[PDB]
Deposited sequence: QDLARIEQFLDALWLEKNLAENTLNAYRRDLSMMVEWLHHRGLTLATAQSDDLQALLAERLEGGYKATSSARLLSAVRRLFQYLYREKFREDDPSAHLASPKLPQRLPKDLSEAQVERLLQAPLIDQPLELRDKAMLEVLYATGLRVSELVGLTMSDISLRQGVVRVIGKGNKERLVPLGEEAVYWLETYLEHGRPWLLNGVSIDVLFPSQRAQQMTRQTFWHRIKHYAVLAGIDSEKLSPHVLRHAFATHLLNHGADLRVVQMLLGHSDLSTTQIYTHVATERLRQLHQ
């Protein structure tokens, strides 16, 4: 479980078009010695303390690079809510109602905003990151299967079920939004800009602030992780399809919540 928690971190690290497979593998390395180390001491990703981390680092020494993987990972589990605190520091801002307003902000008769609605209902259901939503092509989607195909670090391709509501929005967007954004310009991009090009993480986070702002959320203080954790929690506390993933799941982590959700959904799909 903890070693998977490092693959999930590197994955999310690799998502932000950041670092390098080098610096990534230097992190896999450093963190895997670190969980070896910790597990040997009884400890776990969940319980290792700052003192435990201060020891490790002292156990010889590159201390810089090791400190870097440990601080990033430990900022990441804190951001994911995997743990309530960041043990490496020294070495949940959103209401249900604001999540409801934000998703209700986008004016679904303008093609642009119904793109933005569709992308938001995909974010809310699948747990994908903005980064993953933006490069999705017309080839990555199957509404009749109810799934979208996500590329990852490797050419790790997986299928994440969308659920009924996202399929619906995506449907309504393929009819009333996308086509009006393209005006017959062909692009494989599933969610193009209004000038029919690939949009980015940053160009869509602008749209998120504009929806956030209308929902009375502090726009300049919203972060991807508190959004992603507020969606996961709302979805979990409200979603239709995932009846008893609430009765089989506690101190919920973003990625653990969406992992469960994806497992129950793919289960229903293969049935």
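Got a list of the deposited-sequence ranges with no coordinates?
-> Unmodelled stretches: 62 to 68, 99 to 108, 267 to 268.
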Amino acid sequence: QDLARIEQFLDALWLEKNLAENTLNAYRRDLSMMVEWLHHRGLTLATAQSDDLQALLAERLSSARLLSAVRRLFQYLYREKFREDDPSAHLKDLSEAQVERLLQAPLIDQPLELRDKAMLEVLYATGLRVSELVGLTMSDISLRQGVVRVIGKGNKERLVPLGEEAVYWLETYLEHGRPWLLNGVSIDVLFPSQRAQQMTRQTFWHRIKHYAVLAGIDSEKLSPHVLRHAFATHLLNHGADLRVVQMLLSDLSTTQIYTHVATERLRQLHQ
From here on, numbers count along this sequence of modelled residues.
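Average Cα temperature factor in the PDB entry - higher stretch of 206 to 214, 50 to 58 = In the deposited entry, the stretch with the higher C-alpha B-factor mean is 50 to 58.
As stated in the PDB record, which stretch has the larger average Cα B-factor, 128 to 136 or 187 to 195?
-> 187 to 195 has the higher mean C-alpha B-factor.
Quick one: which of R79, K153, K117, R158 has the biggest Cα B-factor according to the entry?
-> Result of the comparison over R79, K153, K117, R158: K153.
Which of these, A230, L66, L222, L45, has its C-alpha atom at the highest B-factor, as the entry lists it?
-> So the option with the highest C-alpha B-factor is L66.
Taking the C-alpha B-factors as the PDB entry records them, is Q256 in the lowest, middle or highest third of its chain?
-> Within its chain, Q256 is a middle-third residue by C-alpha B-factor, going by the deposited values.
Report the third (lowest, middle or highest) to which the CA temperature factor of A262 belongs, ranking only the modelled residues of the same chain.
-> Its C-alpha B-factor belongs to the lowest third of this chain's values.
Within this chain, which third does the Cα B-factor at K92 fall in: lowest, middle or highest?
-> Answer is highest: the recorded C-alpha B-factor places it there.
State the tercile, meaning the lowest, middle or highest third, of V226 with respect to the CA B-factors recorded for its chain.
-> Lowest third.
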